[PDB]
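Proteins get letters first, then strands, A, B, ... in listed order; numbering begins at 1 in each. Heavy atoms only: backbone and side chains are in, while hydrogens, waters and symmetry mates are out.
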There are 2 protein chains.
Amino acid sequence: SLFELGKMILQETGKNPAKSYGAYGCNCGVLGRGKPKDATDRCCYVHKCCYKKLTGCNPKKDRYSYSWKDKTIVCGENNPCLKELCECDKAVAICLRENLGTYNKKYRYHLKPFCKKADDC
Amino acid sequence: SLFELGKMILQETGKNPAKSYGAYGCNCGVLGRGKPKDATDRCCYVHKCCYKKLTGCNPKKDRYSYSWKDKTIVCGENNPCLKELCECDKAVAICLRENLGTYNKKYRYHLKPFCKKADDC
Ligand SMILES: Cc1c(C)c2c(c(C)c1O)CC[C@](C)(CCC[C@@H](C)CCC[C@@H](C)CCCC(C)C)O2
Ligand SMILES: Cc1c(C)c2c(c(C)c1O)CC[C@](C)(CCC[C@@H](C)CCC[C@@H](C)CCCC(C)C)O2
C-alpha cells in the first residue's frame, strides 16, 4: 500500500516522500502517466506501469510485509501479487534515490498541460 | 476525479491544490484518515468520510461535470454517485477556503505515520 511505498521512499532517498515526490513531473504523485520529464519522473512512470501489471491485489490498498536488512528493502511476501507489488515499490524507491543527482525542483508541482502523452506500458 | 477535486480547491482557495493540500495534516492526501491536526485537516477528514458513502464510482479517477456559476461550484446532474462525489469535492473545497486563515504550513507534508488513528466515520 501507499504506506509501505512512502516508507520505502523515505528509507531509500532520505526525503519526505510527499514533499519530494507527491507531485513531481508527469508521473510522480499525479494522476496517470505522461512522458517523463527526467529520470526521477521516469522512475514513477516505470512504477505505474509496474502496477498496471499486477493482478490479484490492490496496489494502493493492500498492505504487505517487508523488512530493512543490511540497509536493503527486503520484501517479505510469497503471494505473487503482493510480492510483485512490494517489488514494484522497492524498485521505485531505489530508482528515486538513484536519480536524486538529477532531481530538479522545478518539476515539483509540474503543470499537467505541459505533459506529453506517455508511451504505453 | 482528482482533476475536478483539484480544480475546485484551486477555485475556492486560490491555492495550488497539490502543494497546499496534496499532503497536509493527517487527512489531506493519501493514506486514509487520522485524528485531524486543525480545521483545514478536519475538512479533509469529513471529505474522506464523504467518499466512504459513495457507491458505484471511483472518487480518484472518475471524472464528472460541474460548472462555475456566479463563482459557485455547481455540480452537473452526472449520475447519483458522481453527483454525490462532486458534492463531496465541492464541500471540501469550500471548507478549505473557509479555514484558509488558520492554514499552517507546518502541517504540509506531515508524516502520515505520526497521526493518531481516526475514529470511524
Ligand atoms: C495512487 C498513487 C500515489 C498517491 C503515488 C504513486 C503511485 C504509483 C500511485 O498509484 C507514486 C509516488 C507518490 C506521491 C509518492 C508519495 C509516497 C506516499 C505513499 C507516501 C506516504 C509516506 C509514509 C507512508 C512514510 C512515513 C515514515 C516516517 C518514519 C517518517 O505516490
Ligand atoms: C491516492 C489519493 C491522493 C493522491 C489524494 C487523495 C485521495 C482520497 C487518494 O486516495 C485526496 C486529496 C489529495 C490531497 C488531492 C488534492 C489535489 C489534486 C486533486 C490536484 C489537482 C490538480 C490541479 C492543479 C488542477 C487545476 C485546474 C487547471 C485547469 C488549471 O490527493
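- Atom NZ of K48(A) sits in a crowded spot, with more than 12 heavy atoms from other residues, nucleotides or ligands closer than 6.0 Å.
- One hydrophobic cluster, built from ILVMFWY side chains closer than 4.5 Å, cannot hold both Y45(B) and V92(B); they sit in different ones.
- Proximity to chain A among residues 97-111 of chain B is limited to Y109(B), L111(B), judged by heavy-atom separations below 4.5 angstrom.
- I94(A) and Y51(A) are assigned to two separate hydrophobic clusters, defined by single-linkage of ILVMFWY side chains at heavy-atom distances under 4.5 Å.
- Linking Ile, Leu, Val, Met, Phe, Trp and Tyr whenever their side-chain heavy atoms come within less than 4.5 Å leaves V46(B) and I9(B) in two separate clusters.
- Using a 4.5 Å cut-off between non-hydrogen atoms, the part of residues 10-41 of chain B that approaches chain A consists of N16(B), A18(B), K19(B), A23(B), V30(B), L31(B).
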